[PDB]
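Structure below is my_file_28.pdb: PDB, C-alpha atoms.
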ATOM      1  CA  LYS A   1     -20.088  -0.557   5.298  1.00  0.00           C
ATOM      2  CA  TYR A   2     -18.033   1.718   7.521  1.00  0.00           C
ATOM      3  CA  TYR A   3     -16.115   0.473  10.538  1.00  0.00           C
ATOM      4  CA  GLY A   4     -13.999   1.573  13.492  1.00  0.00           C
ATOM      5  CA  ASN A   5     -11.126   4.035  13.290  1.00  0.00           C
ATOM      6  CA  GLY A   6      -9.658   4.437   9.820  1.00  0.00           C
ATOM      7  CA  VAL A   7     -11.190   1.226   8.506  1.00  0.00           C
ATOM      8  CA  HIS A   8     -13.221   0.925   5.319  1.00  0.00           C
ATOM      9  CA  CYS A   9     -13.829  -2.370   3.546  1.00  0.00           C
ATOM     10  CA  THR A  10     -15.954  -2.160   0.398  1.00  0.00           C
ATOM     11  CA  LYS A  11     -14.668  -3.982  -2.665  1.00  0.00           C
ATOM     12  CA  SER A  12     -14.278  -7.599  -1.591  1.00  0.00           C
ATOM     13  CA  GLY A  13     -11.089  -6.568   0.171  1.00  0.00           C
ATOM     14  CA  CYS A  14     -10.429  -3.957   2.842  1.00  0.00           C
ATOM     15  CA  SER A  15      -8.730  -0.602   2.396  1.00  0.00           C
ATOM     16  CA  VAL A  16      -8.001   0.485   5.948  1.00  0.00           C
ATOM     17  CA  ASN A  17      -6.812   4.072   6.123  1.00  0.00           C
ATOM     18  CA  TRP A  18      -3.728   3.375   8.209  1.00  0.00           C
ATOM     19  CA  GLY A  19      -3.301   7.083   8.944  1.00  0.00           C
ATOM     20  CA  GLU A  20      -6.589   7.740  10.705  1.00  0.00           C
ATOM     21  CA  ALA A  21      -6.165   4.460  12.551  1.00  0.00           C
ATOM     22  CA  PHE A  22      -2.628   5.092  13.753  1.00  0.00           C
ATOM     23  CA  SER A  23      -3.669   8.415  15.236  1.00  0.00           C
ATOM     24  CA  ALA A  24      -6.852   6.828  16.533  1.00  0.00           C
ATOM     25  CA  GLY A  25      -4.860   4.147  18.322  1.00  0.00           C
ATOM     26  CA  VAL A  26      -2.538   6.752  19.782  1.00  0.00           C
ATOM     27  CA  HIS A  27      -5.472   8.878  20.859  1.00  0.00           C
ATOM     28  CA  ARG A  28      -6.785   5.735  22.528  1.00  0.00           C
ATOM     29  CA  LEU A  29      -3.404   5.148  24.127  1.00  0.00           C
ATOM     30  CA  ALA A  30      -3.854   8.581  25.668  1.00  0.00           C
ATOM     31  CA  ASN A  31      -7.594   9.147  25.568  1.00  0.00           C
ATOM     32  CA  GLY A  32      -7.623  11.334  28.661  1.00  0.00           C
ATOM     33  CA  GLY A  33      -6.804  10.316  32.215  1.00  0.00           C
ATOM     34  CA  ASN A  34      -7.158  13.945  33.244  1.00  0.00           C
ATOM     35  CA  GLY A  35      -3.645  14.642  32.028  1.00  0.00           C
ATOM     36  CA  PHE A  36      -1.521  15.301  28.961  1.00  0.00           C
ATOM     37  CA  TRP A  37      -0.479  11.770  28.050  1.00  0.00           C
TER      38      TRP A  37
END

Could you show the structure in this file as structure tokens?
Amino acid sequence: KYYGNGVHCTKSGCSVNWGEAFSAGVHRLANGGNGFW
């Protein structure tokens, strides 16, 4: 049962990979916008 960015729950309790998700959220913060930020 995979999930969004850096999230993986599968043991009756999540185990979100906070690293992939922190960079994912940043990436989202600056997805594009035809720029560099």

Within 12 Å of residue 13 in chain A, counting all atoms listed in the file, which residues show up once you throw out same-chain ones fewer than 5 positions away? Write them as a PyMOL selection string, please. chain A and resi 1+7-8

Report, in Å with one decimal, the straight-line distance from CA of residue 6 in chain A to CA of residue 29 in chain A.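 Distance reported for this atom pair: 15.6 Å.
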
Point-to-point distance from CA of residue 21 in chain A to CA of residue 3 in chain A, Å rounded to tenths: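 Computing the Euclidean distance for CA of residue 21 in chain A and CA of residue 3 in chain A yields 10.9 Å.
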
Would you kindly return, as an mmCIF file with C-alpha atoms, keeping the file's coordinate frame, each protein, DNA or RNA residue with an atom no farther than 9 Å from any atom of range 23-26 of chain A, considering all atoms listed in the file and excluding same-chain residues fewer than 4 positions away?
data_model
loop_
_atom_site.group_PDB
_atom_site.id
_atom_site.type_symbol
_atom_site.label_atom_id
_atom_site.label_comp_id
_atom_site.auth_asym_id
_atom_site.auth_seq_id
_atom_site.Cartn_x
_atom_site.Cartn_y
_atom_site.Cartn_z
ATOM 1 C CA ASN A 5 -11.126 4.035 13.290
ATOM 2 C CA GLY A 6 -9.658 4.437 9.820
ATOM 3 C CA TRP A 18 -3.728 3.375 8.209
ATOM 4 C CA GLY A 19 -3.301 7.083 8.944
ATOM 5 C CA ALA A 30 -3.854 8.581 25.668
ATOM 6 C CA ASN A 31 -7.594 9.147 25.568
#

What gap, in Å, lies between CA of residue 4 in chain A and CA of residue 28 in chain A? 12.3 Å
